[PDB]
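> no sequence on this one, just coordinates:
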Ligand SMILES: O=P(O)(O)O[C@H]1[C@H](OP(=O)(O)O)[C@@H](OP(=O)(O)O)[C@H](OP(=O)(O)O)[C@@H](OP(=O)(O)O)[C@H]1OP(=O)(O)O
Ligand SMILES: O=P(O)(O)O[C@H]1[C@H](OP(=O)(O)O)[C@@H](OP(=O)(O)O)[C@H](OP(=O)(O)O)[C@@H](OP(=O)(O)O)[C@H]1OP(=O)(O)O
Ligand SMILES: [Zn+2]
Ligand SMILES: [Zn+2]
């Protein structure tokens, strides 16, 4: 299996672009940044709000917890290659405590509200806008030969006041090399694609599109998480009860994969459930027919049959967002 | 025995003037004075240089070591009665530490050089001047019915730069009440008068004149102390070897006193030695015939035969000093 | 009941400033990065910590046995340093501070403000452990010999400072009064 | 040789901060002002310090003899307070400071600066004894229990401060280094 788009990005580009294990670690001055307070309590790295001592401009400080040196270089190299990109978090500097060499990544200041607190207050338009802004980030990183592999609400930071969206924490991101078999222990349980659950190791950028689909379903249907598995096996069972098992068997037969008999017994046999089943009076205002068609084209077992980020941006669901972006740049060119 | 002069001062003046034991102790604000450094290490009280926090004017702080409450009141009452007097140290305030009530006397700033270091550099004129200035202080306190009783080099402070002399430490001073018998454990050994050494308890102001004579002899003859006794008994022996024993017997017979046989054995029998005996090429410039006549009229066994401070100021030895002071008055009156 | 290495260790004289690092945190082989190298005896030192019967623990002489204990001690110390920083260990340390297990400030003008344990550097064998008083904001030496010898890196220059903003309410206000240098009721006149 | 009450007392655990107050100072009945009153068992405490055979020390029971020791201690402490202030006593204390008998500062940034003993007030039974570090210029609590209980008035708020202008050369310069609140090598935000 090879990606439908951006397949040879890392074959075309030189070894220095994707060879993160040989990256030179040019540290900056840890004295230049002063900590203010904790923010995120993730166990891979701790997050703090800080300031540049000179410019006094705020910033985010992400202190990395002891992992393999190559994992640190992977995140830094990816952040460097994507730096500046649309809606990608901007890495400003990489410093370490001068005696213990404890590394810290310096980013632009976020000032966001977490997805869980904010989404219950969003209109259908705001959902389309933010999904569109997220797709801009996904198309960019995919075009640069990189898969995020940890798409989830916590990793999408939104400052609703300023309508700014940033895709953060590239700790699990990886370079796409055509035909390469990757580790399946990526993404958060609820957002893991079928490829991870059935051991299809030569997955691609399309994995992020499944995770985006899971987030989208959780938003428009107001059910967080949409696929609520208690473990990795149950996660596939939850998916099979919605998408159906006939489509799962066709997908397994297409890629010559077979499930362990214990897992196949758990999945059982189920019909495909239409997305209309999940609509209720409390989520109706967020579920338009275009929303359903868009979601249906993301949540497919076959990774090669899912929309690309570019194809997703072109969907009729975002016609209003694209028209508003075109009207904004016309009224801003006059003012 | 009664004093030749100022006999009735404390009989004339009211009980409140001399009744120090009933003095009201009106303490000031200890916070108003800040210590700077130690100066004198006397064991009755410790001396320090300080400043008034308000005026910032320098001052001397004399902290009194635990003594009978009446001894504290005696020094304060005497300082109050003599305050302002010519060449008398000026008491400015009396304060104590607010929790331990440790008393401290506040005086005007001295800034003097001690007698021992200074006198080897003094001219005969400077000696006459300072002796005259000391006599002014003695006549004043005697006129106010008070005996200093501790006249010695350490208690005469001289700032030679400004030609200022002050008589300090009135801790041993006492009011003269005619005929009264006093304690003989006063004055420093080398300056104790014969009356203290033979237990004539009804002594008077003339005791200070003996002490002054001892200081004067030490100065003009450059021998410090002039009478160098190893103890109280030997002190009388040292005196008897200069003044003679025939004059001592006449003095003892006059006041119906008799020495203890062991003391009379120590004294033995000696002729009177003329003051010329003590002259040498190194002290000649300080010993004039007037100096000898003046000294001879101070160092007499009979306290009633010694010059008063007023009589001493009138001696021919001070004729040049009086002419310089009378010329200064004419010049100061016009300018 | 036989007290596991973790629970027992904390009760030794001077070594009480150590919280019980959860078994769930030691079995989490991810936190063990770096330690897997710089610390010798690694498997036999971790087997002793989890109290599992060693496959060659029987085969050691008196000479090897004593050293495994000292290696498990260095290990658990550096383990403790990373645990006290996590949101889980932060909670566990708070409780010992509540029951003043980390003593009280030797400076009189700090009233009786309790302190936080901290090592002079996050570097092993380089420094003994010290304390931090939040009221005065300075650092001091321990009060007992049994405490003043232990390596400080087993806490690091990160935990007391993290505890500060984690619990903002506990940060006390500065000294009410100031030291009066008084000799006989009179302040030292300094120009 | 028979160790007189003075010489023996100084060797007790925690009570070593006391210099041998000369007999030439106790037999000087002039310094004994005030003490002549406030001090319990006044004469029996003074016979005890000079080790003189008391005229009734025979008939004194377990309850009576015990109180004489407690009166002689309090007395000798207040005696010590006035002796250390005299030019004679000042010299004797200097020697114990030379051989660091008055410990060293618990503040780490004091580079191992020895301290001076001092009571919170020159008032008996009101306060325990504390120390003064000349480098930081602040006051702390003792390092041992045996020292941290003794009444401080036996030294007073006058002696360590007297020691300061008596020996000007010993006054050390301030701390070169200062405490840096670093969390992972990053200075704490003090706006
Ligand atoms: O890539 P390596 O140099 O082989 O080292 C890493 C890892 O260290 P890093 O995090 O520095 O990459 C381990 O090294 P230590 O923590 O023990 O120093 C090592 O452990 P071993 O020495 O026991 O082999 C492990 O080795 P292995 O590949 O055998 O598991 C290996 O893992 P990775 O190659 O997967 O990064
Ligand atoms: O309260 P105390 O500490 O016991 O003081 C007193 C008191 O001295 P103060 O009034 O200055 O405080 C008396 O002093 P004098 O009137 O004799 O000068 C005298 O009282 P006693 O006759 O009751 O003993 C005695 O001092 P001294 O023995 O020199 O006469 C002395 O009492 P102590 O002998 O107990 O110290
Ligand atoms: Zn403090
Ligand atoms: Zn200090």
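Here it is on my side, so go on. Numbering: from 1, shown residues only, chains lettered A, B, ... in the order given. Ligands and ions are numbered 1, 2, ... in the order given.
> what about the closest residue to residue C:148 other than its chain neighbours, how many residues close to it?
Counting by CB to CB, 6 or more residues apart in numbering or on different chains, residue C:142 is the residue found nearest to residue C:148 once chain neighbours are left out, at 4.2 Å. Where you see a C-beta, it was placed from the backbone N, CA and C, and this is true even at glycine. Residues lying near residue C:142 (other CB atoms under 10 Å in any protein chain shown) number 23.
> Got phi/psi on the residue of chain A found nearest chain C?
Taking CB to the nearest CB as the measure, the point where chain A comes nearest chain C is residue A:66, at 3.8 Å. When quoted as degrees, to the nearest 10, the phi and psi of residue A:66 stand at phi -30, psi 110.
> what's residue A:71 in contact with, if anything?
The contact partners of residue A:71, taken as CB atoms under 8 Å, 6 or more residues apart in numbering or on different chains, are residue A:171.
> That one should be in a helix, yeah?
Yes: counting by DSSP: H, G, I helix; E, B strand; the rest coil, residue A:71 falls inside a helix.
> Where does chain A get nearest to chain D, residue-wise?
Of the residues in chain A, the one nearest chain D is residue A:97, at a distance of 2.6 Å by CB to the nearest CB.
> Surely that residue touches residue D:180?
No: in this structure, residue A:97 is not within contact of residue D:180 by CB atoms under 8 Å, at 11.5 Å.
> Which one's more surrounded, the two?
Of the pair residue A:97 and residue D:180, residue A:97 is the one with more neighbours under other CB under 10 Å, namely 19 against 9.
> Return the residues in contact with that one.
With contacts defined as CB under 8 Å, 6+ apart, the neighbours of residue A:97 are A:30, A:104, C:122, D:182, D:184, D:185, D:186.
> what does residue A:308 give?
With contacts defined as CB under 8 Å, 6+ apart, residue A:308 is in contact with A:4, A:5, A:139, A:142, A:205, A:206, A:209.
> Give me the distance between it and ligand 2.
Separation of residue A:308 from ligand 2 (CB to the nearest ligand atom, to the nearest Å) stands at 104 Å.
> Tell me where the stretch 1-150 of chain A has strands.
Using DSSP state E, counting those that start in this stretch, the strands found in the stretch 1-150 of chain A span residues A:33-38, A:45-52, A:58-64, A:91-96, A:103-108, A:146-147.
> so which of these is the most packed in?
A comparison of those by mean neighbour count, using mean count of other CB atoms under 10 Å in any protein chain shown, puts strand A:146-147 on top with a mean of 26.
> Check what contacts that strand and list those residues.
If you take CB under 8 Å, 6+ apart as the criterion, strand A:146-147 is touched by A:78, A:81, A:82, A:141, A:173, A:174, A:175, A:176, A:204, A:205, A:207, A:208.
> repeat for stretch A:182-192
Here stretch A:182-192 has contacts from A:149-152, A:172, A:174, A:193, A:195-197, A:199, A:201-203, A:207, A:210-211, A:214-215, A:225-229, A:231-232, A:235, using CB under 8 Å, 6+ apart.
> what about residue A:25, neighbour count?
Neighbour number of residue A:25 under other CB under 10 Å is 12.
> so who does it touch?
If a contact means CB under 8 Å, 6+ apart, then residue A:25 has A:72, A:73, A:76, A:94 as its contacts.
> Give me the buried positions along whichever helix in chain A runs longest.
In chain A, taking DSSP state H as the definition, the longest helix is helix A:124-143. In terms of neighbour count (16 or more other CB atoms under 10 Å in any protein chain shown), helix A:124-143 has its buried residues at A:124, A:126-143.
> all helices for chain A, in order.
In chain A, the segments counted as helices under DSSP H are A:9-12, A:15-18, A:69-82, A:115-118, A:124-143, A:194-197, A:206-220, A:232-243, A:246-254, A:261-267, A:289-296, A:309-313, A:319-334.
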